[PDB]
């Protein structure tokens, strides 16, 4: 690999720490960076490091190198996992990105579901869950903002889900893994992830049936993400096996309106799930529509 002085960071200024998980595109590892700001050489900062496994092919290297160059080109936005630096010299390939200490949005929501009535009343709010409606709207808005930026940078996140949206310490939404070479030509539509996810339930019809991805494919996926948000991490198409998902999509079946969800947002969901991709809202339109809702419920 060639030296890029613009993004190059001394590997000795990185202290790797407890792994965050591993997948087809390598492993993600939490780490501390010293002097990520060149103005303050000794200041510590908390980052995340993308790397390869011990069992990696030269294809896996090319894939990670690919993701590196993608992040170099897309630039900074508050609502995406930004590239901070890289380590390409005299050691293993480290791609240093931002950290999101609160984990992915799905787990974030599932951990903060309101207490069931089986718990005894203790305190003036003992029935008041961590998550309120305006905050849930804000999460949706932040994801839409970032996706609109990614679209303007001509980037198609072909898997957009609550699982791939990370939450910072300050409860800021950040889109992750938007530059992966996801290998769309060989998707096992039936295989379930180790945590039980069936990624096919986020795929737009033209992507699932015709292998076609556009920015409107992500708008569809964003519509599913909206469903995830207002079910507080619920699994889409509940109880429906992949085989039944196939025929239901061909009939044009859509998810019902989830409980405790206003018609304004289920409306946006159904707009994102329109058959013709040209009749789904753009990400710019989603931002504006979600903004009006957010402004309405905030005094």
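Residue numbers count along the first chain shown, from 1.
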| property | result |
| --- | --- |
| Of 238 to 246 and 50 to 58, the stretch whose C-alpha atoms average the higher B-factor in the entry | 50 to 58 |
| Given 82 to 90 and 201 to 209, the range whose Cα B-factors average higher in the PDB entry | 82 to 90 |
| Given 232, 272, 39, 261, the residue at which the Cα B factor reaches its maximum | 39 |
| C-alpha B-factor winner, where the candidates are 126, 104, 142, 217 | 126 |
| B-factor third for the C-alpha atom of residue 221 within its chain | lowest |
| Where the record places residue 138 (Cα B-factor, split into thirds across the chain) | lowest |
| Third assignment of residue 118 from its chain's C-alpha B-factors | highest |
| Third of the chain, ranked by Cα B-factor, where residue 132 sits | middle |
| Residue 77, C-alpha B-factor rank within chain (lowest, middle or highest third) | middle |
